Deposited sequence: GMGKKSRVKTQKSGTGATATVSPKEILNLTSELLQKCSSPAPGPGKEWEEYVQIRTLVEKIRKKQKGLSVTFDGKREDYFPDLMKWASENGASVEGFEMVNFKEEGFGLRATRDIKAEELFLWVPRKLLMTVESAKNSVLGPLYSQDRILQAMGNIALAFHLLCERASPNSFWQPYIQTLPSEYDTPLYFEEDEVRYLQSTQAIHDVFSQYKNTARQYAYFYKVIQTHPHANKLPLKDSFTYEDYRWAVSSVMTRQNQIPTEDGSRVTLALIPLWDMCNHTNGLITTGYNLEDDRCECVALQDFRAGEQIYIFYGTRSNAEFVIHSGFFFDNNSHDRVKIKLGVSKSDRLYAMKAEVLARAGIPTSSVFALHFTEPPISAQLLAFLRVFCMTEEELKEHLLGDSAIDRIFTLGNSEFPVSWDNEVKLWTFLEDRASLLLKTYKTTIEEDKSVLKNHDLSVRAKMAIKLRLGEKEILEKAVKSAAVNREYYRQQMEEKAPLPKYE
């Protein structure tokens, strides 16, 4: 019944528009219950295709070929580990330009603007503010349009993903007490709110009348659409080069991820995405790219996978100067002069050094004495001292270093104590239980947070001892 669904989406909209609530897990399960009740009453994806997704890869190649893309030297293969990807059919040398996609093939915020979505786009404040959501509805509308220019692309996309939107409740439960689970909560709530909001908007807006979505628009549709966008979308320049926009990039976006550097760039002159080989690829070898320097929390939540030995992995750490601090005003002014907020969320990194220049600078100011602060505020050398604040080669004093690394060691240790399991229990779960891909993603993610924190504890302890040695031996302070 259309009336019951309208009733349920109004309840879902209400529920998912209330502010953030130790009630976040309860709220999440409450929203899940509503979403699953809606999902079980709907018919899955509004549009499904008769063939297997590989049945449509020849159409993808022919379409891309006719519009100027590279279609020789690789084939599509379903790999067990990464899913479908590209495999070399000839030897491809590192730095060879082997893959290119002209703009005509892309789905962009601009092509969304000029599509059947156009009228709703010009009127809806969310679509105008958020190109990622616009891209998601663009994909849905074209998916439900049998003569869309982009059907060869849409028919070769996956039908499901491993973003946490597809996790079972017990798979997300593994993440209780972590940092990442709050971003899992937010993604689920955002997505449920967006589905209910746009469901009602499509029913009430004249601009939506010609959209296929007006006759069918399921929660499954929206979960698929946003998961397609978050696991594949890209920032590229506009045609004029004057702005950035969001885009889906056919054919090239089939490359799976490995460690390395970004080797894909936009060529404005010839108006196409260009990819040079990240490494040598022998015939028979999967062609990989490096997606970008994201954390494993970002790979799980937004890309749907956990990358082992992600050398850019990190966790968040919130720090600020407290207004109870007797030196608050001085510290806040030094931070301001260094371009650093008095409170923010920093990162702790898996690769040494565990902290960035900005975080080192914050921690030095955080632990400065009044005399040290005065030297960063007054006189002909103050600006020089601000300039080196993020430079580990130029400490403010040995005492300042000992204090800040002591603080970091204790804080990272304190954070380790807030997890419901230890690192060793996590390894034991992974060794002794037989788990799904999704459950393994969750347990590896919670293990990775703790391992980053433990590495930060050891690193700060080592730094504390190094700087305490310089202090006891009255080493001469480096000068800038």
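Check: What portions of the deposited sequence, indexed from 1, have no corresponding C-alpha atom in the structure?
Finding: No coordinates exist for the deposited residues in 1 to 21, 43 to 44, 504, so these stretches are absent from the model.
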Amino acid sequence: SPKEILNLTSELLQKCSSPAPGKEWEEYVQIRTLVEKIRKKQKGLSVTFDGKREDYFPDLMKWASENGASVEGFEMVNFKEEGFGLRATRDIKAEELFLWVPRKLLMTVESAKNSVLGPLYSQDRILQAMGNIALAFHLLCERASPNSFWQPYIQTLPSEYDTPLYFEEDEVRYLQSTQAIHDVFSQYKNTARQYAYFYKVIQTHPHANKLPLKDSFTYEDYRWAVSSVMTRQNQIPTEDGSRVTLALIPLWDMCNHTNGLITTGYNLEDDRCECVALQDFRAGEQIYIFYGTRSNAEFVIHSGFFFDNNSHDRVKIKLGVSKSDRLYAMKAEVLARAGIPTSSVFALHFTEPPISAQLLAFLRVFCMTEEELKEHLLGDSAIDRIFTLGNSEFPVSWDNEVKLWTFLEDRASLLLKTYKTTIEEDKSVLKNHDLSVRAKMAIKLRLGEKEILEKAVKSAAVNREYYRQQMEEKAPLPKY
From here on, numbers count along this sequence of modelled residues.
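Take the two forms, superpose them, and find the largest set of C-alpha atoms that agree within 1.5 Å; that set is the rigid core.
Notebook entry, point to check: So if we fit everything on the core, which stretch drifts more in 5 other deposited structures of this protein, 347 to 355 or 157 to 165, C-alphas only?
Noted result: Result of the core-fitted comparison in 5 other deposited structures of this protein: 347 to 355 deviates more.
Check: Which of the two stretches, 88 to 96 or 294 to 302, moves more in 5 other deposited structures of this protein when the core is held fixed, judged by C-alpha RMS distance?
Finding: Between 88 to 96 and 294 to 302, greater C-alpha deviation in 5 other deposited structures of this protein belongs to 88 to 96.
Notebook entry, point to check: Comparing 70 to 78 with 378 to 386, which has the greater mean CA B-factor as deposited?
Noted result: In the deposited entry, the stretch with the higher C-alpha B-factor mean is 378 to 386.
Next item on the list: Compare the mean C-alpha B-factor of 461 to 469 with that of 10 to 18 as given in the PDB entry, and name the stretch with the higher value.
Entry: For C-alpha atoms only, the mean B-factor is higher in 10 to 18.
Next item on the list: Name the one of 175, 184, 201, 97 with the greatest CA B-factor according to the PDB entry.
Entry: Highest C-alpha B-factor among the listed options: 201.
Check: Of the options 138, 364, 326, 302, which has the highest CA B factor as deposited?
Finding: Among 138, 364, 326, 302, the highest C-alpha B-factor in the entry belongs to 326.
Margin query: By the recorded C-alpha temperature factor, relative to the other modelled residues in its chain, which third is residue 441 in?
Written below: Answer is lowest: the recorded C-alpha B-factor places it there.
Check: Among the chain's modelled residues, which third holds the C-alpha B-factor of residue 454?
Finding: Middle third by C-alpha B-factor.
Note to self: Splitting the chain's C-alpha B-factors into thirds, which one does residue 93 fall into?
What the structure shows: CA B-factor rank for residue 93: middle third.
Margin query: Please say which third, lowest, middle or highest, residue 36 falls into when its CA temperature factor is compared across its chain.
Written below: Middle third by C-alpha B-factor.
Margin query: Lowest, middle or highest third: which one holds residue 232 when the chain's residues are ordered by CA B-factor from the entry?
Written below: Lowest third, going by the recorded CA B-factors of the chain.
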